[PDB]
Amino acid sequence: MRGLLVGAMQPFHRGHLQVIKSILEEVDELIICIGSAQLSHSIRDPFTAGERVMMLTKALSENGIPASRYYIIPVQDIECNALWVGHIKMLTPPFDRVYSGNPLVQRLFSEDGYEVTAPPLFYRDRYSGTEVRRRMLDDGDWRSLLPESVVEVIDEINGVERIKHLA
């Protein structure tokens, strides 16, 4: 039993961690796709795929989740939404269930014939990439939205410095 979760992870926050631990209670393995693997240095997608890979690795590792229970696979976006499901399948191990709270993602897999489920959201007004990125820019409390290990990576790559400069 393998599940599939896809997210920009810009950056990886507590919302992601919480939902990932939750899904891991009903699937043997979870394929975690890092979307928009080609985008970086924008207000929407500030970090590279490589950097986001380090965030998921540190965070999940620090939380005791065995590395063999998941797959971190970067997936570049594509112009055709009609070929996106195929794009994912082409780059990943087989999977039986899709977990997503994203309308487009849910609909594209739903139409292809996959069972998709939308997990309960955890503090959806605080745990979202949009809010995190906004706090980083306007000096709000963003550290409280991310696992300590992600905060460490963000400091090592000078993420706040970059995002603020670009703005």
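Note that residue numbering begins at 1 and tracks the sequence as displayed.
As recorded in the PDB entry, 123-131 is the stretch of 123-131 and 29-37 with the greater mean C-alpha temperature factor.
Two stretches are in play, 103-111 and 60-68, and the higher mean C-alpha B-factor belongs to 60-68. Among the modelled residues of the chain, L5 sits in the lowest third by CA temperature factor in this PDB entry.
When the modelled residues of the chain are ordered by C-alpha B-factor, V151 sits in the middle third.
Sorting the modelled residues of the chain by their CA temperature factor places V19 in the highest third.
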